[PDB]
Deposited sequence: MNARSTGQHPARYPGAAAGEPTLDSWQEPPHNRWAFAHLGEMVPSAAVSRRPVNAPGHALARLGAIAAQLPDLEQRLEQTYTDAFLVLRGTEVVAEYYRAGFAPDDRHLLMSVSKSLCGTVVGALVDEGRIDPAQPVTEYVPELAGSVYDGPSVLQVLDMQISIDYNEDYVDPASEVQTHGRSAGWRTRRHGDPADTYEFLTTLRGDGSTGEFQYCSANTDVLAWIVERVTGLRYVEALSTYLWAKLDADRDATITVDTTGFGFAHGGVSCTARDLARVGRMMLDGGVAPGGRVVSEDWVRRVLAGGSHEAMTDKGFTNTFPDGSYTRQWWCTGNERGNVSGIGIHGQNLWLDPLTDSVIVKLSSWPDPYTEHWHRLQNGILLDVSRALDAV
């Protein structure tokens, strides 16, 4: 009852293959070349224990930086000033070209794909979600515009407990073990969501991003996995593929499931600071980038977890906007992931971490202190 979705391969029936059918024809021709999409899998290294610290260049201004990175459970850290990597750190056991889960930094990538389709004129943010996904009629997404999804200004009953929406979302998508009665896939889960109908106030909700990805699929006919490549990743001249977890229908977990190298993630920030243009072509319009850097409605932003640090902060198009004197904007994910933009110095900071906790005021204070200190260390003196 969630309508048409992109086939896993040319000619594939809806929902095929499953874990129980991938060995059967005609599925197996695709599945034998993509088994990691069906079954958890490990890398067998073609290459035959110590942290790598190359802090520049900025170590002089920040003498305790490595210790501060350790204290915030830093796995990978990279500073790109212009086109140059000017500082790097990787923990023991994490290689420079290893990939790392982005958590909700993934949202900023999804919003970028939406922006690309807006630039092409295939998505109109002013239109209701239901213009593109009619099957969301009767849900909390019946009424709101695509832009309100992009800016997360929809009131939704979404508890952040196995009954909670946050965990149910993960179970529906394959991040956790299914419980009886759980929705079959991410699309079905989204249709179960309800709200009081009010809009205009910021409410951070991961369901919003997956609705964006669903819209992307309905507009392009591409699996979100492929759309993320076609409209973004394949234009970055990246060193490695990214990866994204998929649910049982092959739907990429758009709001949280992307992994990539720190250096490659920085290429996304480089594109944003280059007016939307990447090596392989324009990704989003100059106007789109300008609107991201400008911020969203301040009055909509009532999250004290953000405004206590950034009083004039806001959120738009899947980016957090600090509204600070530097105009910093960042993708953010739980456990300490940031794609942090510092336009003043034409720099991008990537920090990928694994805090023991998904979020505390403690971790965010420390994390933001590092990103701000590093940004300021990049200023001309």
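Residues of the deposited sequence lacking C-alpha coordinates, numbered from 1, fall in the stretches 1-4, 53-56, 169-171.
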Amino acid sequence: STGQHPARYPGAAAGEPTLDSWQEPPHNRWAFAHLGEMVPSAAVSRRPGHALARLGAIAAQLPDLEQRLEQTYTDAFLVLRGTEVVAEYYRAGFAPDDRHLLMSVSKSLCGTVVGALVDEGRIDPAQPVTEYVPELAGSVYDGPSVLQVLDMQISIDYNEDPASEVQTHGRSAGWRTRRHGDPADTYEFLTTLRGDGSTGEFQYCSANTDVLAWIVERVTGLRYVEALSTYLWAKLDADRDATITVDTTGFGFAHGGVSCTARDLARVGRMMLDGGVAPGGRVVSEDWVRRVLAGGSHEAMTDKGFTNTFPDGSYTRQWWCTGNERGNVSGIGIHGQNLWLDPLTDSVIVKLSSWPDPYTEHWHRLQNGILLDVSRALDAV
From here on, numbers count along this sequence of modelled residues.
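In this crystal structure, the stretch out of 356-364 and 21-29 whose C-alpha atoms carry the higher mean B factor is 356-364. Higher average CA B factor: 75-83, of the stretches 107-115 and 75-83. Across the options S145, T302, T243, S229, the residue with the most elevated CA B-factor in the record is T302. The PDB entry assigns the greatest CA B-factor among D274, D98, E165, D210 to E165. When the modelled residues of the chain are ordered by C-alpha B-factor, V44 sits in the lowest third. Ranked within its chain, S297 lands in the middle third, by CA B factor from the PDB record. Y90 sits in the middle third of its chain by CA B factor, as recorded in the PDB entry. Among all modelled residues in its chain, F310 ranks in the middle third by Cα B-factor. Looking at the C-alpha B-factors along this chain, the one for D196 belongs to the highest third.
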